[PDB]
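> Need a 3D model of the following:
(chains A, B, C, D, E and F, ligands or ions: 6)
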Amino acid sequence: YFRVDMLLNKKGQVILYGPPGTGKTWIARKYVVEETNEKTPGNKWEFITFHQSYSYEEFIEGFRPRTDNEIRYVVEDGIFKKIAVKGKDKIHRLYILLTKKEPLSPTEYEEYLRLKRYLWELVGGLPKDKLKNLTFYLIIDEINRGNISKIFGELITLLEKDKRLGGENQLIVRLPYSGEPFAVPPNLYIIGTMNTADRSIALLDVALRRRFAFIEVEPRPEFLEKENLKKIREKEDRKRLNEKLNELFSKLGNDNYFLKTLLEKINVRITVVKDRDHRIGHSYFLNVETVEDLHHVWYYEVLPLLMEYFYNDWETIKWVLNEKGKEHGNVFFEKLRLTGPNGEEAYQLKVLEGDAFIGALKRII
Amino acid sequence: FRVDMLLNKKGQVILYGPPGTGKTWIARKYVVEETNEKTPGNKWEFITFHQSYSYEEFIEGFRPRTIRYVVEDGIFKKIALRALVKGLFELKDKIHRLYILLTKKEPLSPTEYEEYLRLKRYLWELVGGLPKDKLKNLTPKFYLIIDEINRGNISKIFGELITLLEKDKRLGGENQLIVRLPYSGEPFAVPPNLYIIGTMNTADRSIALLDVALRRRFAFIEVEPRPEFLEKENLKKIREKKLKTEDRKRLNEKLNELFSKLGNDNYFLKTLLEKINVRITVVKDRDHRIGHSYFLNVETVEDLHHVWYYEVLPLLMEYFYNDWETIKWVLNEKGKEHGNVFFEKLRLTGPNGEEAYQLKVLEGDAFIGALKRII
Amino acid sequence: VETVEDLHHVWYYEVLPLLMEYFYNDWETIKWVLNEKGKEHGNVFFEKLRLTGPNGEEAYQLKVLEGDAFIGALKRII
Amino acid sequence: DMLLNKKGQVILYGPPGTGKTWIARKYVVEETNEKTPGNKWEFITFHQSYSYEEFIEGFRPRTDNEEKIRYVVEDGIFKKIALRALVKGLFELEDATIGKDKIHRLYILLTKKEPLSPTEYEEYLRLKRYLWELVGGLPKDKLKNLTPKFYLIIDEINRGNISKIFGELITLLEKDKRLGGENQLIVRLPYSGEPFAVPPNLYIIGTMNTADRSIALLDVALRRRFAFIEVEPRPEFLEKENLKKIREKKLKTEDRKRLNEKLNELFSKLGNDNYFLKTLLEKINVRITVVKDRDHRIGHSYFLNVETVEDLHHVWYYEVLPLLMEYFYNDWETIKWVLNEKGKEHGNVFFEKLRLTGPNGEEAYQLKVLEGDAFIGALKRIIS
Amino acid sequence: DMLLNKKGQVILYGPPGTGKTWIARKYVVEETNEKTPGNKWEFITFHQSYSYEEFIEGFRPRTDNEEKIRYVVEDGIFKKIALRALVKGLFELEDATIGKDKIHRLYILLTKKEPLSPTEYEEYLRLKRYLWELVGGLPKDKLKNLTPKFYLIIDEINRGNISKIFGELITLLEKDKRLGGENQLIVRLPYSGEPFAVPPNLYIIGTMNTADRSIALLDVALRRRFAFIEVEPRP
Amino acid sequence: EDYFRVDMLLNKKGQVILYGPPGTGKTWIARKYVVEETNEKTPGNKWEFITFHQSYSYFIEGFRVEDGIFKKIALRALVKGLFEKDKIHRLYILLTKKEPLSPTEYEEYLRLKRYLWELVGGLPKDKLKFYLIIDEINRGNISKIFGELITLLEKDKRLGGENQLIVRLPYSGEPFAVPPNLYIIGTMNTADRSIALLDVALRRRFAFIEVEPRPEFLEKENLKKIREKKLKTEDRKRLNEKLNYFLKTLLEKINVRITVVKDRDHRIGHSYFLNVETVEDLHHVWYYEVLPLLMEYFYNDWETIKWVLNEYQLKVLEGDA
Ligand SMILES: Nc1nc2c(ncn2[C@@H]2O[C@H](COP(=O)(O)OP(=O)(O)OP(O)(O)=S)[C@@H](O)[C@H]2O)c(=O)[nH]1
Ligand SMILES: Nc1nc2c(ncn2[C@@H]2O[C@H](COP(=O)(O)OP(=O)(O)OP(O)(O)=S)[C@@H](O)[C@H]2O)c(=O)[nH]1
Ligand SMILES: Nc1nc2c(ncn2[C@@H]2O[C@H](COP(=O)(O)OP(=O)(O)OP(O)(O)=S)[C@@H](O)[C@H]2O)c(=O)[nH]1
Ligand SMILES: [Mg+2]
Ligand SMILES: [Mg+2]
Ligand SMILES: [Mg+2]
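Residues are numbered from 1 along each chain as shown, chains lettered A, B, ... in the order given. Ligands and ions are numbered 1, 2, ... in the order given. Below, you will see the structure:
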């Protein structure tokens, strides 16, 4: 927890990077209750997932008139930047910001906007050190999936700790679309989740890495030791899963470290034949109760992902599975009975049930 | 059974494989009994992806009013809100007015535009306080079938569904999340009520599903070509169907006379498709095999001639375009030319040394003898 | 087509620009289609240029025909 | 002309110096009796920026004082041309006088309206008129083939994408697919939705370079619609009897005599050989044909403007010799051979060996200028 | 100079550092009596992103009552200069074309500054639409002897795709198929179909650099039109 | 060093090339030239670190903050010298606004180009500081960034010579003026041969005085003559606690190999030798920038690959014996 709680005020923000299967979305949804204690993410902690069709919606933008003929700048993320000083106007400002209904009361916008025009001089007439300290968190899931030079024009420079509210070298810039000039608070911190298996640098922006930190949180098989596994899933049915996972490993040969060493020996074979970002994460094995569901997640989730990885490359898939050239017997893929004119050799997918499926998983270790 | 377990455990199922296998058929067959309805519109919606879908027509986009523009909900947002408001019945006045606005297939009034826009303020305020042990069990079930899912830009279409479609991140899960949509500022989540089914073709690598993250959300079940169904006993059962009219029994002697002009080998079309598909797996990928649907409604020996010469031989001539030594190896006639063969070598020889064949329309008992020899 | 001029107009304006676009600057291949590969300086469609390239190149030229010399080039194809 | 009446359309192709565009324009002015574009005479030049929307039908944002004048499909140049012939040929039919003032007087004044006027009541009138034209556009197939002719010139057809700029026309421009043909076809258009067909009234003449193999007619099914008349470079034109014949017919201001004097001495200066220019071009052409493509041959248009010897010296050193250096860049020998000075490295040589060599051992040559009767001399050597 | 009166277009080839761009405008100023690139002596520098739409005609957004949805066809640099030369030349003419009310409106119009009025553009169209049928009915006798000569400089012509930037100018730039040649041609513009040709009093002077051979001019056909003069770096 | 030869040949060529390989003390001696005399320590104007990001619709184009963040220094390099008359002092009121401009008075903001059309032609040409350097120039395509830049910047084709040259741009014109005081060099280098001298015709605008990394920067009286610039908080003589031809037999023992068959302008920097102070940091000179940094560069070539040490499992030994 030491690298989790206060490795955030050093820089502006930080992105969680890793292959799929690593719960970066889950580990960003854990600090929302360990630091903000907001089980409902409506106030003081927001959650948006970026995608390739999001623009003029992380700032202020001219939207339609509130049920008229024909027209006002609607804000959608400055509402989380005007949300970070009371700890009557500002004291009630937060509800105007958290306006669940149409917040456009015939005059509610109006009260809100003027209150904004003062801020810029209420802080503009205020010194530095009183808000250098402050007693929020916005999560952008799949941050690489949106155009960072379109959702932010020239505004990701303003999230650094020096260019925020309470710094010596800190400024405010007039917002386009008739927005009072804006700046970012220092207590506003961004936790992002990124996928690196698609590309090692997916969002290839120079100003992204110079204002965000990166962490390569690895697939941890240590989370598959049966003892380790029960510590996740028990937090009337805390005991019904106990004999379920006990007889799971008992059919598996009473081995607690089975699914741990199955994953890491496969992932180290993928790391040789493919990139290191192509490792299989650990979430594919958390919802495993019986060997039937292990057989299901093997045959219907990770094997066609592996066949996608190596396509028509029977040798590579066989080697990663450790068939290692076995052409018959308990083999996931079995060589066909024909050989082509120029040396072509082919294999077919075989279904393995019973004890022949577990022992075929033993030869991959 | 493979489909109902995985659609309950993972929340999303993609059926993959070569064409001709029942991926689209088993999608309809699964939902016409779990809904007990043969027409979509209620508890059931069937769409089909292509490259002209968008996020704006799948979740929400700005559409003009016949008033400048308004945000209308896409097909997934209509059925996810329908699945949630149906599940909030048996778990009550205003949400009954909300369900009748979503099911209102006629267009909606401008007075009822902001009436519908006001009722989902109440619903998303409601589910933010209801505990995670009530929304997990909803007594109806909703199904959306996305046929040909790899023919559209899925990550652009599935805007916020990358985070939402996970089982524990649905409504009533251990990690239940509610995301604010960037259009209209409205909060949204997907219930555990709605189960999505996808169908895809593995033949086209151009449309291949290479997104690992999207792959984790769904469970992939492959419907393989099964030549076993082409056996006389099984093809008689596969043709014994909803057509239970006088032509039940009269179709079987047409099947009996057809195999009687094939040597009464009841495993002939099974061995024909099996020996062919294992040869396509060698010289090309496994995902270019012939599907069993090409040989289902064949009843006469002329009907097989229509299948063989007009569907699969022009398709095999496109796999191996101007590659005669490969296409005659699938038909086990590499060294055989100038005989009872599908392609006969032109007598002339190329100036620089080239040599090539011409397809011959083998008809009559000749046709069967060029098919047996493939076994 | 019904005249000998009409078949001369199909050959010299439609199919010979087609074959010279098929095998562009490939003279020994296109003369094999008319089986006149070793046959130069006659009633041929492509006559051999007397000039020869410095590093060994050889070129041809399209010859126009009319009358009884035309059909002998056609029976040469048969 | 014979191919134009039988195939319906002819693409003229060859090296650039041959007279392809000129023959096209001369033929059109003579047949139409119209020496100006418009009134049944159309000239266009295809380019990559050309589009199906521009040629046949596309949505055009036409802005007018009144709002919403835009957001209206605009028929393209070809469609306008097909219409303006169709219904002008519908202005005279034997005893099938259906309407006879609609097809003769509704939208000939609208389609050939030189003021591009979006008269919003009359624009709708255009549309109503077209639909009737189409139903009565099938009065009877037999009398369909009898109208007055119209013509369009597409220059540099290779430069544009014919497969895209021309769309449904690939099916239609075939002659029997036109109106009154043995297999008549009427097509449905995507944007406006109005039906469309080409008549035998409209003829299309195309111009094409084949020295550029990038813009080449690789569309083999598209070649079946057209007819290809290869105009080789006729060096026979550089002869004095023709050089005068093709250079004075239009102008009769007594400038013919001056040209006669100008070239009479010219030939006299050139060994009194009236074939000297012809030989230069022909020898050069055969030589170019061997070492490179035959379509990179020099055409006669470079040498038709020669009236004095000093005019021809500007043609060699500013048009012909810089063209040959682009054929063979740092390929000195091939240029040297085409001038029949293959190994010569001396005076009376266009390219001269540079003495130094690369550490890698490479060698180079230098172009040298030549002038006077002395320069006239090197030309004959290429012959030898 | 003599090559401009015969070929029409000259291209001053040479490597970088040669006096190619400088004498391109040194010869231009002394043959138009205009020190500044005003009516004549216009200057254009190509680049790799230069387009056909900027050169002849294209769709551009314009503000009519500050509404940006109005997209109207904008005439390019060449269209404007070619039109200006022709209109000034038509200033001297017989009775059919003697009346200069319309001619002066059009010429001043091209001569005008950047602003194009919502109410100015339509008058330009009326005059231009007239202008085609007037010169279409005018004989080819007076049209070859246009007195005021216009000139255009194209710098760095190797940078752009000249075969794409030149459109219909593959045809119209030859001297015998300008307005008043033996084979006079007039073409229809692509956007909305307006008639257009080049009068003989407009002359183009290019400037090429042979270092970038790969995207240097490769269209052999385009070469016949223009004349070529090598410029070696004479010290 | 080089601080006494450069200040005498500025009005001849305008821009001079003093080339060097990447990594060495080059990106500070560039910052040396702008801070020492004028001491302009403010951004936005005349003191901006500048390396382009190779993204260009690209003499000036690439529209939308309109065209470029620093696309108007060529006028301003003489405009402050051409201000000695509301016309004379209106340029500076808008350009000292670091804010986006309002649409309330847009027509008044772009109406000022009207008077100076023929005044700058009537301006005396000998009436004549600001520095904008291009970095990351040859990393991307230099032919894309070089439009009409090569002919305009030479010796006599400025305005201070006899050869007269104006500029031309579309979209409402706006021709500007050119001084010889302008400082736009651009880093000329060959760290990648794919783009290096792609425009081989570069003759009459530059020269080549090679700036090798100075080998005399390793002596005990010459190591940290340069290395004290950064110190501010009492660090001038903390390094007098551990000093009690030292390490010169490290550089020319390696950087004479860089020239023979090795590529010359892939040299290693001495900016990493900035603050060698303690006794623990004596591992980074033989095991970090000597042996592994020169190992995996030849094509499995032992001579290039095995030449790591001048002063399988990787062997371990510490440098005291
Ligand atoms: N308790 C716990 N559950 C985990 C952990 N990692 C994965 N999980 C399980 O799987 C999920 C992990 O988050 P996950 O969905 O894998 O991250 P993600 O960022 O969405 O993954 P992706 O979107 O980048 S493919 C959780 O919902 C939980 O069910 C972990 O470290 N702890
Ligand atoms: N009864 C029965 N019919 C089947 C079965 N598999 C396929 N069919 C029949 O095959 C035909 C086509 O099957 P279908 O599911 O539509 O292929 P597909 O999924 O579209 O394949 P594609 O999408 O890759 S082109 C239909 O007539 C269908 O009923 C099966 O298992 N049982
Ligand atoms: N009078 C006359 N002139 C001819 C003849 N052949 C060519 N010319 C002249 O040659 C020149 C070019 O001919 P033209 O037909 O315009 O070439 P083109 O097809 O346009 O050439 P391209 O470069 O675009 S591929 C013109 O001056 C033309 O008049 C001919 O037979 N008679
Ligand atoms: Mg995630
Ligand atoms: Mg299907
Ligand atoms: Mg032409």
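
> Count the neighbours of the residue of the stretch 251-365 of chain A found nearest chain C for me.
Closest residue of the stretch 251-365 of chain A to chain C, Cβ to the nearest Cβ: residue A:342 (27.1 Å). In this view, the C-beta of every residue, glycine as well, is placed from N, C-alpha and C. When neighbours are defined as other Cβ atoms under 10 Å in any protein chain shown, residue A:342 has 9 of them.

> Over to residue A:117?
10.

> Mind checking if the host helix or strand of it is in reach of chain B?
For residue A:117, the host element (DSSP states H and E) is helix A:108-122. No - using Cβ under 8 Å from any Cβ of the partner chain, we find that helix A:108-122 stays clear of chain B, coming within 13.7 Å at best.

> helices or strands up against that helix?
Using 3 or more Cβ pairs under 8 Å, 6 or more residues apart in numbering or on different chains; DSSP states H and E, the elements in contact with helix A:108-122 are helix A:89-97, strand A:179-182.

> now the longest one and helix A:108-122, what's the angle there?
With axes from the mean of the first three to the mean of the last three Cα atoms, to 10 degrees applied, the angle from helix A:89-97 to helix A:108-122 works out at 130 degrees.

> What residues of helix A:89-97 count as buried?
For helix A:89-97, the neighbour count (16 or more other Cβ atoms under 10 Å in any protein chain shown) marks A:93, A:96-97 as buried.

> That one near chain B anywhere?
No - applying Cβ under 8 Å from any Cβ, one finds helix A:89-97 separated from chain B by no less than 12.2 Å.

> ok, the residue in chain A positioned nearest to ligand 2 - contacts?
Nearest residue of chain A to ligand 2: residue A:304, at 15.4 Å (Cβ to the nearest ligand atom). Contacts here follow Cβ atoms under 8 Å, 6 or more residues apart in numbering or on different chains; on that basis residue A:304 touches B:16, B:220, B:222.

> Repeat that for residue A:219.
With contact taken as Cβ under 8 Å, 6+ apart, residue A:219 is in contact with A:18-19, A:21-22, A:263, A:267, A:279-282.

> and with 7 Å instead?
By Cβ atoms under 7 Å, 6 or more residues apart in numbering or on different chains, residue A:219 lies in contact with A:19, A:21-22, A:267, A:279-282.

> Could I have the CA atoms of the helix or strand containing the residue of chain A closest to ligand 2 written out in PDB?
When elements are assigned from DSSP H and E, residue A:304 belongs to helix A:303-309. Listed next in PDB are the C-alpha coordinates belonging to helix A:303-309 (Å, rounded to 0.1, in the frame of the first residue of the first chain):
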ATOM      1  CA  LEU A 303      -6.800 -21.300 -26.400                       C
ATOM      2  CA  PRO A 304      -8.500 -19.300 -29.200                       C
ATOM      3  CA  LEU A 305      -6.600 -16.300 -28.000                       C
ATOM      4  CA  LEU A 306      -3.400 -18.400 -28.400                       C
ATOM      5  CA  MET A 307      -4.600 -19.600 -31.800                       C
ATOM      6  CA  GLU A 308      -5.100 -15.900 -32.700                       C
ATOM      7  CA  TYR A 309      -1.600 -15.200 -31.500                       C
END
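
> which other helices and strands contact the helix or strand following that helix?
Where DSSP H and E defines the elements, the next helix or strand beyond helix A:303-309 is helix A:314-321. Helix A:314-321 sits against helix A:258-273, helix A:303-309, strand A:333-339, with contacts defined as 3 or more Cβ pairs under 7 Å, 6 or more residues apart in numbering or on different chains; DSSP states H and E.

> Which residues does the following helix or strand past the last one contact?
Following the chain from strand A:333-339 toward its C-terminal end, the next helix or strand by DSSP H and E is strand A:345-349. With contact meaning Cβ under 7 Å, 6+ apart, strand A:345-349 is reached by A:314, A:332-336, A:339, B:281-282.
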